[PDB]
*Asks:* 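Just passing along the structure, written as structure tokens.
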Amino acid sequence: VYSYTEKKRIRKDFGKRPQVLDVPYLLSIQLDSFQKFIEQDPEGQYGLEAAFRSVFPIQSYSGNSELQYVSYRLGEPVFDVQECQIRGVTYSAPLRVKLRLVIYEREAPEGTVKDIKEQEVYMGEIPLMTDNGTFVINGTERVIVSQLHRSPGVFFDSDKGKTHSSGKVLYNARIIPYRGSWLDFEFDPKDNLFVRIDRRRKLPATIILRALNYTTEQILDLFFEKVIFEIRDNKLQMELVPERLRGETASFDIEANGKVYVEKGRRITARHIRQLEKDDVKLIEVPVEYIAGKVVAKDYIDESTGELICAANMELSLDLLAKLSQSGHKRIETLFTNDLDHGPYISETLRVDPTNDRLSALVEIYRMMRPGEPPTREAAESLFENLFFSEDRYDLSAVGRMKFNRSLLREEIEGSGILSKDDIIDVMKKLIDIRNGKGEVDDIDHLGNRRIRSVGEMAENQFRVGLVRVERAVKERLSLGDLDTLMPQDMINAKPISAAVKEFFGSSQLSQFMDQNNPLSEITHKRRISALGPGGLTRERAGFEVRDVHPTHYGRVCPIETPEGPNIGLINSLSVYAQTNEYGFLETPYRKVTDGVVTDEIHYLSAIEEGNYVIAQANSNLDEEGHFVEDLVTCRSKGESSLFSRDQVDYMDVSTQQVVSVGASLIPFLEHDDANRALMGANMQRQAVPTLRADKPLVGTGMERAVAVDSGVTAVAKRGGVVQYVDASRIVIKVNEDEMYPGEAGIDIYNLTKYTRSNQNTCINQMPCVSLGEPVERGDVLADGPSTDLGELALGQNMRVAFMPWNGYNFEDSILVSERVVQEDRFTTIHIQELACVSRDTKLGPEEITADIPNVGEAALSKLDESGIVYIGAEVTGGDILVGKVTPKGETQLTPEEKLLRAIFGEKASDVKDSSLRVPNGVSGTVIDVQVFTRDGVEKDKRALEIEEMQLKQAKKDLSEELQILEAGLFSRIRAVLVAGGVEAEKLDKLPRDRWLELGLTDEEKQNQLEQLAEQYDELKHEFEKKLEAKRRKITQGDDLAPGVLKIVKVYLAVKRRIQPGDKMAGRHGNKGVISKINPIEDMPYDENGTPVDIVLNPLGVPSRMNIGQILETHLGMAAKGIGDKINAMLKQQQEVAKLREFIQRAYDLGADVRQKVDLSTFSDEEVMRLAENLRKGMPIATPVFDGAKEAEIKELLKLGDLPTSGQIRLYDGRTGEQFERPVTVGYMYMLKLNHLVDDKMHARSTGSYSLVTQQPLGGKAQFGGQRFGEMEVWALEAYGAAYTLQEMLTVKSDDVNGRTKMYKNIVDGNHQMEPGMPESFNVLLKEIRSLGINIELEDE
Amino acid sequence: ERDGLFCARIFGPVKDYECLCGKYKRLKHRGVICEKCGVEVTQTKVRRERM
Amino acid sequence: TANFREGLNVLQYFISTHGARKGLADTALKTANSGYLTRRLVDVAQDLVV
Amino acid sequence: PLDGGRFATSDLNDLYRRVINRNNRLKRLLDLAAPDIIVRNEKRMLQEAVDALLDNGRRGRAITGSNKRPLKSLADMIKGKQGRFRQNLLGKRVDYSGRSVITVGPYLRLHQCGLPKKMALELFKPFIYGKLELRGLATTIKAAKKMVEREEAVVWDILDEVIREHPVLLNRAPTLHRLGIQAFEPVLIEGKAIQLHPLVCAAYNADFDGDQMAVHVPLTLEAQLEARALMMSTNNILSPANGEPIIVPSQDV
Amino acid sequence: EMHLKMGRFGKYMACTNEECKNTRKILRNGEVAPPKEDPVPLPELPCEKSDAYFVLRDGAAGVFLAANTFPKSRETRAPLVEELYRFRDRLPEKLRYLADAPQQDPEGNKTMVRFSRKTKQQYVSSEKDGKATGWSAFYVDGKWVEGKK
DNA sequence: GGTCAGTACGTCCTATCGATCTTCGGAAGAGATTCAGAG
RNA sequence: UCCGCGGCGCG
DNA sequence: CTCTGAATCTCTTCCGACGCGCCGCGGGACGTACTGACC
Ligand SMILES: [Mg+2]
Ligand SMILES: [Zn+2]
């Protein structure tokens, strides 16, 4: 059943697939991460507790003192979020950490304590996250973007033969720790295995094996399999495993137990192996030539002489065989090498290895890591131990250990964070196996190999860096301090931690200025995933494979919403239902299929898990008890989709929109438009500017409510009740009795944001959407924010659109707009600009804010007050003075004759220069707020005192009003309790409220409730007192301005900007355009009823662009309007409620097998009338992303509205009254204003400032600079014969000083002649070349 | 500074036709090298040329 | 199998996105390559005049 | 000079300071008859400092400032896309230039373009000043500037007089071929968007989905005549690449 | 024993005792820096150009007062003898002699602690109207001797 | 001799290499090492 | 006023 | 069996489209004492 709030305006849904899983809170990825960072963890696995346990306890060098950690606490912020934004400070909480310093006795045992001290050390500020997932760092609101980075672990990759001739596939293994040095193994084209650390100089791999105290014999035993030979009389025998003969050419006869069978030159067939196995042939007899050439496994020493006959890894030869035979080596061991399955790589690497002992290997790696210095045994050992085997400098995280064990098929998923010898051995073995032919290379772009690192993790890392710096300082001070005459606070300096955290939150690449055009921009910025950042990739070095869409992105990363330009594919958007695993991997939900029945049970699967199962598509039909209607169901399985039986299906998609992101989900008829235009539309929705009045989209997707509510732009009721007070700035709700806590006033107050500046200089304004006495439930939208209409996202306006060419004004994506659009202010938007005037201390005098501006007429001064600051509400235009400021000119000493001349000239004989703040040229607006910031110690001006008094009065009024409302609620509670027992209603009305509080009661628990509420009333009074005092002292206190700044005056200008040619408008289907003409109403095409069209769009864009979704919308919107029209007329005729109810019910039931099922028979007559009034303009329609309205349904809805089924009507030209020869598609499309306004783009310059060194015009509109005539433009002029134009652009208009002065003078004199000279940049070049010791000169001057 | 990277008597005056110490401050003293500080009276553009 | 007047399935749309993004990235790199070639050609041929 | 009393310094100043410090230290050591090892180390450091000043990063790790970025040396000033040759000499920023978003002028003749009135006023300011002083309306240049700032009617009449047959160059980036810059006679229009003839869009590769175009004003007589005779759109009806027409009917046409 | 070592910051001197990490530094024209003492904060002395509080520091330049937020405030001034006598207890054992120095000159003007670089020693001098009064007292063999400069 | 201006030295602050950001692809040139032919 | 870096966007 | 030249391999360096707009952050400076020159 629909709620009271929802019954206001029910959007007709056309979806058919039942919704099993509700859309998750769209900002969970940020809030959950930061909550893990800050919240207490008794197990010490997450966040600050984990970092503290990682660093503490701290002990001195062999000392008898220790510093240990007890608990941490985040204090209350000094300023709230709004105060931080106003004052330009960070919204942070102080971190209080309880620490204990313990000093032991010098006598043994070491644990004999002798004194203990405890105190709460303060160790910096932690920026807290706002309720909407943002950070306020310097008043600016910022978002920390999540990072998609390579997971820690081990990855096996190949070059695909690109690096060498003939395409020999070279294989590499790479170990990526969370923190520490990298370790790579790689194969050379000669099959030799090499190792590198931190991608430094290549070294033989066995060196590391030798550095781990493994001898050559031990290395060979680890990596190879051994073959045994015996020598008896003149016979040589080999111990044979038959499988080893596979693939070997039978170059000699083989005999065993008096049986011989060999075809010389043939390969040992599988039949031969089976015959050998069944005959149990354990030994064979082989010639000397066969055993010659094998590699010796272990060193053999002549026991008689002690001389090493043959070392390990040596190749056997006939003479060596004779020597070992005559020595008496009856048993010989060699290593087995097959050119296909068991390569000799380790042995060959040992041959190439230039080391021979552990010390030699350590020296080699020490020289590689620290070149240019002599080695040392202790230093080499320390370096090798610290590289991979020290927790202090190497950390292969828990996720890293899990991935490392999974890649090596180890059972355990938990283990030590540092590498063991077995780990390195196993990685090398796996690489050798991949080289041999068993196993496959890893897919780097696989989402099971990429990992999500969010705000909390990065903040914890930076806090840990700061804390290890603090730990080093603490160890130093503890070792070299007066142990008993101090306290723990004396040992900890908070500067490193604060510095690290502040640097992360201010300067990090992932700490981004929040884009705040509209709520969708905020949501999509907070759900953004970046492959860049620290520990990530770089734009110019990332290849196409990283950017490309991967099959594992299904349900996790949107394939459409990536931006264009250099960031394509590197910036992704989290899908609607996608969340993050415990280990940081993206998961998507699926419905379990049990015995052919789809179950409501939901399992979140990762990419690796998803690959194993067979997953049905969301559009597969199933009815009644869930069963696939079709025997064959489409599924994707291991990245290769096909049809499967019902029984083979393991999971099904939870929703038809789980692949797209939020922005792509908001696009209607996405399945009918190309991915390019869908991408463009999703990107352009984020650039829409809120308009003067919000307008719901007639054709929506049903996601508007979620985007508007999850984004905190709307005031959402946290408890149900009845609204007690409404105005433009405040909503006061009386909470329901069954919903308020004991001892509570039972009243909620919501304060609305009115006309504040967004990050993009747009307007943030909240407007009530409720009226007095209206019921309110939990979750109801109480006030609409920017781009929100009744809790639905409203990015643009519904516009009547005709698709026809119109006299070339739609020639190339251009848009022709009716003047009725401008008259109705439908795309008018409010822009707020903050302009700051800064008074600074300067040499020879400070700058003064005053109205006595020299050489300025009284007319310009009239707009200012007595303090020199413009009045609030003043309408101002370009060039007018907002804040009057003056600056000492310097001495500027004048001779008495010069002084007399200046006096004769006028008021020029002044030592003061104008530096006042003026409105930027072209900006015309109104002054809506003035804020004065004054350094402590500087006297406040009259305007500052007036603003301070106004703020104090406002604070007192607001606190008093809140106290009065809370007291009213508390006394209402008093009255209710007294009515519930011991009622004296007439006497109670006679008695005053203080007497009510003083009244007694019967001996019941209601007396206890009365006592609790009286105590709460006293607490309210005391809280009012303390809050008043605190707010007064905060208003009075000075501002921590930048050094050298005396006072800052900030003026806020509101500008309402009307739609004009040059402005960019777009729909949601990639259909961009720039307005070309604002056409008079009587010139627009009109229908038989005389209704003109609002916008004319060119039909030619649709076929080439293939964004057919805009056509369908244009049809459906027309139907959406038509129904509304039939309601509107029915409302104008004052028809009975019955007919209205029947028509609206028919409209809601029109769909074919729709899941909505609205039933108006349960609505009251007043509710039906309210709904119809809300439906008067149009019937809002929800068409989900891939489960939208079919074409036949659109035709039927048009038929209900008495509109043509084809969607085309006969139009007449208003200029002539003549019918257009063909019917024209006229409907309604949702259009946006894309923040690319022409008045921000137009710029012109004749002469201005020039750069200091290049002596060329400045760049940029803000600097009033000139356009760049680049090298391609010079080429264009050279292709013509335009030598004089090119010369004047190179010489006079850019760099020649005398040339430009003379050209200006000649143009004023009417002579258009040029006197070119040498460009100054060439002189700069000559001087720079001469500064390099190169004599460059001009000849024959 | 007296002999630094921005020295006036090596590279030229900071302000046009004005000596560093201010003894000479007009075009009538053009070309005069001040005895007190050794800065030639000329245009500031020489600081753009003189190495 | 479906056209744009008909609706593509989720699977079909996901398949098409591969080509879409490949084309966009290819244009991104192609601009730089073509510009470098054009600059080289201009530099080699800039002396030649009738 | 910067705000707050700080001074922005070139990296060359830091390099020169390092070289001077090393040189003075070496000279002092030489005066005091220092041992061979110390003077050898100082000479090596002076050599490294001079190498960093000349071409930083060519040998060893480039010396970095407080921002952990390598300091910019003289070679870096000359080399590269951001060097003098390509950033300042082969291309330049120019006066008498502007830019704005383009729209369709379907009423335009081929040789004319719609130019916003405000852009024209700003771009032709010196011509307007000269014509004001010619007619005696402004005695001095300051009076002319005050008149133009107030935007009097006579100023608009003067502006109409000055743009009558004065071509302007319209350019769209990237300028792939010479048709990327073409000359048009400006017709003054209200609004802030430049109006472009539909037939020249193919040569410009220009659509009206948000394109911005740059406007340049030829000053001298030779420049005006080159614009009229060589660069005007009426002379550019054939493609220099192939000889086929480049000003060709499209879309609705 | 303390030995000379080289690192990223040039040359320094570090003590060989593993239990002691005391480090001094090499300066331009000396064998080694003097034994700089541990900084001593003073919450009771407020800054005048800012809201910070002063902290006493030692070094080759001498003994001075500096703002606790030194990179930001960058406000320094020399201590007065009366100021040191106010917080005599917090001063380390060595510097206590400065508190014993006469606090006022025979003319009654207030004294300030200065560092004579030519002799590398602390003295106390009186100033009137911001100019030195020409009276200074030095520390010679456990007593303070005062006289005209 | 006394006074003013200019010049010189110190403080912020170090001390382990460990901070630190870290890891592309293709083509051309120079130097070093290896193979084949001739003596 | 200069330089640099980072991030985002449009053609 | 050895020596030289040519060929091949390894290491290092250079180049990588143009134009425009917005936001954020950072960037040695200040103080005190001593010495020399001029009056
Ligand atoms: Mg375009
Ligand atoms: Zn002088």
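In what follows, every chain begins at residue 1, and chains take the letters A, B, ... in the order their sequences are listed. All heavy atoms count here, side chains included; hydrogens, waters and symmetry mates do not.
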*Asks:* Can you find a donor-acceptor N/O pair under 3.5 angstrom joining the side chain of E/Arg117 to the base of F/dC9?
*Replies:*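 Side chain to base: pair present.
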*Asks:* Judged by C1'-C2'-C3'-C4' (positive north, negative south), is the sugar of H/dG27 north or south?
*Replies:*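 Because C1'-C2'-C3'-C4' is positive here, the pucker of H/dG27 counts as north.
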*Asks:* Residues in salt bridge (charged side-chain N to carboxylate O under 4.0 Å, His left out) with E/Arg57, at least two apart?
*Replies:*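 E/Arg57: no salt bridge (charged side-chain N to carboxylate O under 4.0 Å, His left out) contacts found.
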*Asks:* In whole angstroms, how far is the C1' atom of H/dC20 from the CZ atom of A/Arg1268?
*Replies:*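 It works out to 13 Å between those atoms.
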*Asks:* Kindly write out the residues that satisfy salt bridge (charged side-chain N to carboxylate O under 4.0 Å, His left out) with A/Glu373, not counting sequence neighbours, or none if the list is empty.
*Replies:*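 Salt bridge (charged side-chain N to carboxylate O under 4.0 Å, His left out) check on A/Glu373 returns nothing, list empty.
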*Asks:* Between the base of F/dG18 and the side chain of A/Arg370, is there a donor and acceptor pair under 3.5 angstrom?
*Replies:*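 Counting by modelled atom types and ignoring angles, a donor-acceptor contact under 3.5 Å is found here.
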*Asks:* So what's H/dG24 paired with, Watson-Crick or G-U wobble, going by both distances under 3.5 Å?
*Replies:*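 When the pairing criteria are applied, G/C5 turns out to be the nucleotide that pairs with H/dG24.
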*Asks:* Does the side-chain ring of E/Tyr12 sit on the six-membered ring of the F/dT14 base, less than 5.5 Å centre to centre and under 30° in tilt?
*Replies:*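 No, E/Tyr12 does not stack on the base of F/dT14.
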*Asks:* Take atom CD of D/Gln82 and atom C1' of H/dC15, then tell me their distance rounded to the nearest Å.
*Replies:*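 Spelled out: CD on D/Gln82 to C1' on H/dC15 is 14 Å.
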*Asks:* Are any of the side-chain nitrogens in A/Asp1240 or A/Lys1261 under 4.0 Å away from the carboxylate oxygens of its partner?
*Replies:*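 A salt bridge is absent here (no side-chain N lies under 4.0 Å from a carboxylate O).
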*Asks:* At 4.0 Å (heavy atoms only), tell me whether A/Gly506 reaches a base, stays on the sugar-phosphate, or touches nothing.
*Replies:*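 Nothing: the residue A/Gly506, judged by heavy atoms under 4.0 Å, touches no strand.
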*Asks:* Does the sign of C1'-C2'-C3'-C4' make the H/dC25 sugar north or south?
*Replies:*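 Here the sugar adopts a north pucker, which is what a positive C1'-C2'-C3'-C4' value indicates.
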*Asks:* Does the sign of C1'-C2'-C3'-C4' make the H/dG26 sugar north or south?
*Replies:*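 Of the two classes, H/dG26 takes north, because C1'-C2'-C3'-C4' is positive.
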*Asks:* Is it the case that F/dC17 (base atoms only) and A/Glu373 (side chain only) share a donor and an acceptor within less than 3.5 Å, ignoring hydrogens and angles?
*Replies:*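 Such a pair exists between side chain and base.
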*Asks:* Is it the case that the side chains of A/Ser382 and A/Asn386 hold a donor-acceptor pair, with the cut-off being a distance below 3.5 Å and no angle test?
*Replies:*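 Note: A/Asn386 and A/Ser382 side chains miss the donor-acceptor criterion.
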*Asks:* What base-paired stems does DNA chain F take part in, with at least 3 consecutive Watson-Crick or G-U wobble pairs and both distances under 3.5 Å?
*Replies:*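 Counting only runs of 3 or more consecutive pairs, the stems involving DNA chain F are F:1-12 with H:28-39, F:24-39 with H:1-16.
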*Asks:* Among F/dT20, F/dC12, F/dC17, which nucleotide sits nearest the side chain of E/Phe64?
*Replies:*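 Shortest atom-to-atom distance from the side chain points to F/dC12.
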*Asks:* How many Å lie between CE on E/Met112 and P on H/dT32, as a whole number?
*Replies:*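 The answer, rounded to whole Å, is 8 Å.
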*Asks:* Contact class for D/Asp211 vs. all strands (heavy atom < 4.0 Å): base, sugar-phosphate, or nothing?
*Replies:*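 Here D/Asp211 touches the backbone only, sparing every base.
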*Asks:* Of all residues at least two apart in sequence or in a different chain, which pass the salt bridge (charged side-chain N to carboxylate O under 4.0 Å, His left out) check with A/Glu522?
*Replies:*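 Listed in chain order: A/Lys526.
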*Asks:* Quick one: look at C1'-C2'-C3'-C4' in F/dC21 and give me north (positive) or south (negative).
*Replies:*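 Because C1'-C2'-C3'-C4' is positive here, the pucker of F/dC21 counts as north.
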*Asks:* Under 3.5 Å, side-chain donor or acceptor atoms of residues 66-77 of chain E against the rest of the protein: list the pairs with distances, not counting sequence neighbours.
*Replies:*
{"unit_1": "E/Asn68", "atom_1": "OD1", "unit_2": "E/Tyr53", "atom_2": "N", "d": "3.0"}
{"unit_1": "E/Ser73", "atom_1": "OG", "unit_2": "E/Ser50", "atom_2": "OG", "d": "2.9"}
{"unit_1": "E/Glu75", "atom_1": "OE1", "unit_2": "E/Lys49", "atom_2": "N", "d": "3.4"}
{"unit_1": "E/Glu75", "atom_1": "OE2", "unit_2": "E/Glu48", "atom_2": "N", "d": "3.4"}
{"unit_1": "E/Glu75", "atom_1": "OE2", "unit_2": "E/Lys49", "atom_2": "N", "d": "3.4"}
{"unit_1": "E/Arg77", "atom_1": "NH1", "unit_2": "E/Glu83", "atom_2": "OE1", "d": "3.3"}
{"unit_1": "E/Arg77", "atom_1": "NH1", "unit_2": "E/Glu83", "atom_2": "OE2", "d": "3.0"}
{"unit_1": "E/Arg77", "atom_1": "NH2", "unit_2": "E/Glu83", "atom_2": "OE1", "d": "3.1"}
{"unit_1": "E/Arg77", "atom_1": "NH2", "unit_2": "E/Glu83", "atom_2": "OE2", "d": "2.5"}

*Asks:* Just the rounded figure in Å: distance from P of H/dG21 to CD of A/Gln760.
*Replies:*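 So the two atoms are 17 Å apart, to the nearest Å.
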*Asks:* What's the spacing between D/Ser10 OG and D/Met77 CE if we round to 0.5 Å?
*Replies:*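 Output value for this atom pair is 6.0 Å.
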*Asks:* Would you indicate, yes or no, if G/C8 has its OP1 or OP2 atom less than 4.0 angstrom from a side-chain nitrogen or oxygen of A/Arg539?
*Replies:*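 Checking A/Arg539 against G/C8: at least one side-chain N or O falls below 4.0 Å of OP1 or OP2.
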*Asks:* Which whole number of Å gives the distance between the P atom of G/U1 and that of F/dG25?
*Replies:*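 The answer is 44 Å between these two P atoms.
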*Asks:* Starting at CG of A/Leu570 and ending at P of G/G9, how long is that distance when rounded to a whole Å?
*Replies:*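 Spelled out: CG on A/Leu570 to P on G/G9 is 12 Å.
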*Asks:* Need one value for E/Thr23: base, sugar-phosphate or nothing, where a base atom within 4.0 Å counts as base even if backbone is also close, heavy atoms only.
*Replies:*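 The residue E/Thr23 makes base contact.
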*Asks:* Report the residues that fulfil side-chain contact (heavy atoms from CB on, under 4.5 Å) with D/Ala173, sequence neighbours left out, ordered by chain and then residue number.
*Replies:*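 Checked D/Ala173 against side-chain contact (heavy atoms from CB on, under 4.5 Å); zero matches.
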*Asks:* Sugar of H/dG19: specify north or south by the sign of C1'-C2'-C3'-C4'.
*Replies:*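 Pucker of H/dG19: north.
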